[PDB]
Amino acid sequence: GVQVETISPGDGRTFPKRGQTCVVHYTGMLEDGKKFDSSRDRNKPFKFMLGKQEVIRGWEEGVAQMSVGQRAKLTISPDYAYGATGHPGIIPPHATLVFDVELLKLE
């Protein structure tokens, strides 16, 4: 599954809905702390639409639990991420992923 652990609270009332665009900042890490990517290093938020099937399943499920303004750590099991394939060259097979995600805005 995905485990959502809060870093900073959101407004507690504006949660993303299917068809909305979530504007997030993120840093993705492996369980040992190794960063594999971060939009914070590019200083440009990442956008995805909820329910469109264009991000990994632990994101659709985890970010839907977040209210605008919230910063949380999402621990995502491999079956909710890249499974046995992994992402060629970046994520190994069977990897648990840890994302530090801040939900900035809904568009």
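Sequential numbering from 1, following the sequence displayed. Think of the rigid core as the biggest set of C-alphas that the two forms share within 1.5 Å after superposition.
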* Structure fact -> Core-aligned CA RMS in 4 other deposited structures of this protein: between 81-89 and 21-29 the higher one is 81-89
* Out of 85-93 and 15-23, which one has CA B-factors that are higher on average in the deposited record? -> 85-93
* Highest recorded Cα temperature factor - choice among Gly28, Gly33, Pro78, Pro45 -> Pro45
* Going by the entry, which third of its chain does the Cα temperature factor of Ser38 land in? -> middle
* Structure fact -> Assert third(CA B-factor, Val2) within chain per record equals highest
* To do: Among all modelled residues of this chain, ranked by Cα B factor, put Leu50 in the bottom, middle or top third, i.e. lowest, middle or highest.
  => middle
* For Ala64, the third of its chain into which the C-alpha B factor falls -> lowest
